[PDB]
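*Asks:* One structure is given below, represented as structure tokens, and several questions about it will come after.
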Amino acid sequence: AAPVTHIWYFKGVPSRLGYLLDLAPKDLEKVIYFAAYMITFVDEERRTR
DNA sequence: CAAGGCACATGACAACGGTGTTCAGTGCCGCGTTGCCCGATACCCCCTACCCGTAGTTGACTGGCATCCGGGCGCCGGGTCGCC
């Protein structure tokens with residue numbers, strides 16, 4: 001019903017995780033296990049307008 | 001002595017003898033195929049017995065669990081906060 005993440009690619013050395021998103025492993029651990037939020041997208045141009 | 005007369009046999013003449021063949025008809029015994037008759041067997045019904053899922057039960061009752069060390073051994077590799 002709700003998507004999840006493959007344990008293999010994350011929680012490891014940075015050749016498999018890869019820093020594909022420039023976030024520290026602590027951030028991912030705190031986000032994918034429901035301990036912090038994200039800003040998936042902002043209308044920054046709209047906010048500035 | 002030659003011609004004309006009578007006996008026995010003779011060129012054919014069919015029809016019996018006896019036996020072999022012809023269409024044909026019908027069976028006579030051999031080999032194989034067929035309607036019955038039942039008998040069991042799959043397949044509908046009704047009845048209720050029991051398995052299994054759902055929904056209540058109101059004194060009060062509001063944060064746990066036992067971890068873990070005698071590897072051992074080294075490296076990678078990244079994080080991580082001091083350093084000046």
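Every chain in the structure tokens takes a letter, A first, then B, and so on in the order presented; its residues are numbered from 1, and the ligands are numbered from 1 following the presented order.
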Counting only C-alpha atoms (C1' of nucleotides), what are the residues of chain A within 12 Å of chain B, and for each of them which pair of atoms is the nearest and at what distance in Å, to one decimal? Sort the table by chain and rising number, as CSV.

*Replies:*
residue,atom,partner,partner_atom,distance
A:12,CA,B:78,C1',10.6
A:13,CA,B:77,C1',7.8
A:14,CA,B:78,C1',9.0
A:15,CA,B:77,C1',11.0
A:24,CA,B:79,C1',10.0
A:25,CA,B:79,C1',10.3
A:26,CA,B:79,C1',10.7

*Asks:* Write to file, as a PDB file, in the first residue's frame, the residues of the selection just made, with N, CA, C and O atoms.

*Replies:*
ATOM      1  N   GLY A  12      24.947   1.435   3.737  1.00  0.00           N
ATOM      2  CA  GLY A  12      26.176   0.805   3.297  1.00  0.00           C
ATOM      3  C   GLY A  12      27.251   1.783   2.869  1.00  0.00           C
ATOM      4  O   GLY A  12      27.177   2.979   3.162  1.00  0.00           O
ATOM      5  N   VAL A  13      28.257   1.274   2.166  1.00  0.00           N
ATOM      6  CA  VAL A  13      29.363   2.082   1.660  1.00  0.00           C
ATOM      7  C   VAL A  13      28.800   3.024   0.602  1.00  0.00           C
ATOM      8  O   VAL A  13      27.697   2.781   0.095  1.00  0.00           O
ATOM      9  N   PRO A  14      29.491   4.106   0.243  1.00  0.00           N
ATOM     10  CA  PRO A  14      28.929   5.065  -0.706  1.00  0.00           C
ATOM     11  C   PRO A  14      29.168   4.735  -2.171  1.00  0.00           C
ATOM     12  O   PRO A  14      29.011   5.620  -3.014  1.00  0.00           O
ATOM     13  N   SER A  15      29.561   3.503  -2.493  1.00  0.00           N
ATOM     14  CA  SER A  15      29.607   3.052  -3.877  1.00  0.00           C
ATOM     15  C   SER A  15      28.280   2.472  -4.344  1.00  0.00           C
ATOM     16  O   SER A  15      28.002   2.488  -5.548  1.00  0.00           O
ATOM     17  N   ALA A  24      23.352  13.175   4.083  1.00  0.00           N
ATOM     18  CA  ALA A  24      24.139  12.283   4.910  1.00  0.00           C
ATOM     19  C   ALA A  24      23.328  11.038   5.263  1.00  0.00           C
ATOM     20  O   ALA A  24      22.097  11.064   5.240  1.00  0.00           O
ATOM     21  N   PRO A  25      23.998   9.925   5.584  1.00  0.00           N
ATOM     22  CA  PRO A  25      23.245   8.711   5.939  1.00  0.00           C
ATOM     23  C   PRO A  25      22.332   8.895   7.135  1.00  0.00           C
ATOM     24  O   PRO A  25      21.288   8.235   7.214  1.00  0.00           O
ATOM     25  N   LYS A  26      22.692   9.775   8.073  1.00  0.00           N
ATOM     26  CA  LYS A  26      21.815  10.038   9.207  1.00  0.00           C
ATOM     27  C   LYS A  26      20.485  10.615   8.745  1.00  0.00           C
ATOM     28  O   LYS A  26      19.426  10.244   9.263  1.00  0.00           O
TER      29      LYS A  26
END

*Asks:* Considering only C-alpha atoms (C1' of nucleotides), return as a list in words whatever protein or nucleic-acid residues lie within 12 Å of region 6-11 of chain A, sequence-local ones (same chain, fewer than 4 positions apart) excluded.

*Replies:*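 The neighbour list is residues 15, 16, 17, 18, 19, 20, 21, 23, 24, 25, 26, 27, 28, 29, 30, 32 and 33 of chain A.
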
*Asks:* Per DSSP on the backbone, filter chain A down to the residues in alpha helix (DSSP H) and report them as a list in words.

*Replies:*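 Reading the DSSP output for chain A, alpha helix (DSSP H) covers residues 25, 26, 27, 28, 29, 30, 31, 32, 44, 45, 46, 47 and 48 of chain A.
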